[PDB]
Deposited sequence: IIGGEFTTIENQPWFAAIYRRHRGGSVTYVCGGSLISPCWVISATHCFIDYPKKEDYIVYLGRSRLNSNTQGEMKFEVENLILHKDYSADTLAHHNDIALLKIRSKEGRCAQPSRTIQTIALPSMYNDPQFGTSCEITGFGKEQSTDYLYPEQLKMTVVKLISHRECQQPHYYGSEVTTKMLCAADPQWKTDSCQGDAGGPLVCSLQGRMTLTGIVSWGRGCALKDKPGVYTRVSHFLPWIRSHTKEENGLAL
């Protein structure tokens, strides 16, 4: 996360920290006790489910947050229509199961996030939040030890397709979001994480961090998987 602020898991209780056996891989979001949703490009190079570890209720990258839960990946579902270069259908599902053979157990540091209703997204200009352990600066080598979050505004497909933006690289299955001053944004390491918006009432997983040209660059918004356009897929796989 470029700019923004530090936070603890209490402020984004559905955030899942995904690692590979051990280094960090990507963020994710708990949509149900047994299911975490993320981005396929995060695991494409290592599709083997047994190579991953998922944590819930974790606020620190390399330290065990008090109250956290650790899970193995019982099923790593990548999207069969995924394609790259811009990422298409960048969505993935991880069915979690602890060594005790149980799914997530809700708590003050672990809760689920509601999915959007079919094709129901906030109006462009709406402020939403993004969370992750990604770089705080494009030139950084290290990722922050403390979870971060920030606010970005939804950009219409109209605007995002403009010349100076992404033109045709962005599709209707993607959502663009950025800061009006381009001073804050998601970055390397934030992929798979949540783009949460208050949809007239409740916090809703409107998007999943997917891709972007650089980070916090003028006319280069963050691009997110448009969750409200993947409900059939999520439904059929859960």
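Quiz item: Hey, which stretches of the deposited sequence didn't make it into the model?
Solution: Gaps in the modelled chain, taken against the deposited sequence, lie at 22-26, 91-92, 246-253.
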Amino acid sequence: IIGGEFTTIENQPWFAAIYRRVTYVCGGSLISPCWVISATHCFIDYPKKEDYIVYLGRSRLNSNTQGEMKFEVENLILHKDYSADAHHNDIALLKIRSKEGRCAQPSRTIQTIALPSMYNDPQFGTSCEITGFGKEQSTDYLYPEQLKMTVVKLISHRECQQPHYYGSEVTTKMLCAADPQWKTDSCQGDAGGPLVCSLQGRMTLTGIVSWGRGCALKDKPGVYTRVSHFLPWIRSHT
From here on, numbers count along this sequence of modelled residues.
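Practice problem: Could you check which stretch, 95-103 or 130-138, carries the larger mean CA temperature factor in the entry? | Solution: The stretch with the larger average C-alpha B-factor is 95-103.
Quiz item: With respect to the recorded C-alpha B factors, which stretch has the higher mean value, 195-203 or 35-43?
Solution: Stretch with the greater average CA B-factor: 195-203.
Practice problem: Please work out which residue in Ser29, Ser210, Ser186, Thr171 has the highest C-alpha B-factor recorded for this crystal structure. | Solution: Of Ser29, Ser210, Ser186, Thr171, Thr171 has the highest C-alpha B-factor.
Quiz item: At the C-alpha atoms, which of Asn89, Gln146, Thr150, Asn75 reaches the highest B-factor in this entry?
Solution: Highest CA B-factor of the listed options: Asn75.
Quiz item: Considering only modelled residues of the same chain, in which third does the CA B-factor of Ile18 rank: lowest, middle or highest?
Solution: Lowest third, going by the recorded CA B-factors of the chain.
Exercise. Consider only the C-alpha atoms of the modelled residues in this chain, order them by B-factor as the entry records it, and name the third containing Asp190: lowest, middle or highest.
Key: Lowest third - that is where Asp190 ends up once the chain's C-alpha B-factors are sorted.
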